[PDB]
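> Throughout, mature numbering (1 follows the signal peptide of the UniProt record, and there is no 0) is defined as the position within the sequence shown, counted from one, plus 69. Ideal placement from N, C-alpha and C gives every residue a C-beta, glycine not left out.
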Amino acid sequence: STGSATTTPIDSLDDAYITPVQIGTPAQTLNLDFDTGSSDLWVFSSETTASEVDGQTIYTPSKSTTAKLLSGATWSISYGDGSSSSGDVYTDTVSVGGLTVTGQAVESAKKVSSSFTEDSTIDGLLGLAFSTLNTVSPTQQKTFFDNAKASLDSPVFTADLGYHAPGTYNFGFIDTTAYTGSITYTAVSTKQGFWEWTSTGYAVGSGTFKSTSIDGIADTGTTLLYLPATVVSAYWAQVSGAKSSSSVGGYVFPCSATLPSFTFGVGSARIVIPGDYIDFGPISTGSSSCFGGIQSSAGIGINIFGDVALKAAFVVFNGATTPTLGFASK
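#1: Sorted by chain position, which residues of the same chain lie with C-beta nearer than 6 angstroms to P323's C-beta, five sequence neighbours on each side aside?
#2: Can you grab the Cα-Cα spacing for the pair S153 / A74, in whole Å?
#3: With a Cβ-Cβ cutoff of 8 angstroms, do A382 and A397 count as a contact?
#4: Of the residues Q364, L379, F113, which one's Cα is nearest the Cα of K179?
#5: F278 by DSSP, collapsed to three states: which one?
#6: Is the segment 188 to 200 touching the segment 93 to 109 in the sense that three or more CB pairs, one from each, lie closer than 8 angstroms?
#7: Rounded to the nearest angstrom, what separates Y346 and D376 at their Cα positions?
#8: Between the C-alpha atoms of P95 and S115, what's the straight-line distance to the nearest angstrom?
#9: Figure out for me which residue from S70, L394, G395, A389 has the closest Cα to the Cα of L221.
#10: Using the DSSP secondary-structure output, state which residues sit across from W266 in a beta bridge.
#11: Check the C-beta distance from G241 over to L168 and give it rounded, since I have them as a contact under 8 angstroms.
#12: Just verifying my parser: in three-state terms, what is the DSSP assignment at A247?
#13: For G334 versus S275, is the C-beta distance shorter than 8 angstroms?
#14: The beta strand (DSSP E) that contains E176, what's its start and end?
#15: Round the Cβ separation of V163 and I92 to the nearest angstrom and send it over; I've been treating them as touching at under 8 angstroms.
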């Protein structure tokens, strides 16, 4: 089997991407944030505290003939941005882009933090990191990908995120029309439960490539590119008037600037992030200070190749017995 679904930016900045997902019988379609940095499929639901719901579409298990309470199971998750959610668990039929899993754990939110409530466009998350990170207790659950894997034509999914445009998540096949040149594959460590890999270095603009190992995660659920402070300082030094602002919480730059590109290494291959991908616009409405898309990871504890980086590439998440990542230009 295969699946193929379009993923659509939630706003004009590509802050996140939503992908329609069918849950239950008859289908209830919710728009989920596919997140390769977490392992829970959770939804706004009929159980979510009413004051914490503001515009989201909800999953109502009582209206699904295939929903079953997963008795005694609870979940609770905290993300790197300080947001959180928790609740109880149903199993139900879940389809993405024509690919169906029966018996998927659908984590129903009883509580969500303010950042979720305030984002009316995201009806929940679909985690695509390794199932070792799934938070269901006392019986850990599998991701949608792990439950689909044995049925897929190939044990892979691909992320093809757009810049200010829709893109595609595919499951079970590699669309050879969706990228240019060849795919460079690189090793993955699953020790922390992430798609963790090691970039071979970077360049700023037309500058020379610096060969240096940068361990980080491929995380579709993170907007920006978070790299070591040395790398980030070297980037922003090429932008007149850029500075790190403790009041704003990262590097800002004059909105009048033209940003340089940023290149990262994948083995001997190179992925170029155009400068315009690194512009996240005014820090507040009407400001002439703009927020940068490359930020320091120093306060996180891991480097994160978020959407800024991934949307410059066609990315293969290879879930074979020995997982690997692949990157191609596009």
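Based on what the coordinates show:
#1: Here the set comprises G310.
#2: Computed Cα separation, rounded: 26 angstroms.
#3: Yes, Cβ-Cβ distance for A382 and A397 is below 8 angstroms.
#4: Selected option, being the one with the closest Cα: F113.
#5: Assignment of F278 by DSSP, reduced to helix, strand and coil, places it in the coil class.
#6: In short, these stretches touch, since the Cβ pair count reaches three.
#7: Using only the alpha carbons, I get a separation of about 9 angstroms.
#8: Spanning the two alpha carbons is a distance of roughly 16 angstroms.
#9: Taking only the C-alpha atoms, the option nearest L221 is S70.
#10: Looking at the DSSP assignment, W266 forms a beta bridge with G285.
#11: Confirmed, about 7 angstroms.
#12: The answer is coil: DSSP assigns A247 none of H, G, I, E or B.
#13: No, Cβ-Cβ distance for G334 and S275 is not below 8 angstroms.
#14: Where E176 is concerned, the enclosing beta strand (DSSP E) stretches over 168 to 181.
#15: Contact check for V163 and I92: beta-carbon distance about 5 angstroms, within the 8 angstroms limit, so the pair qualifies.
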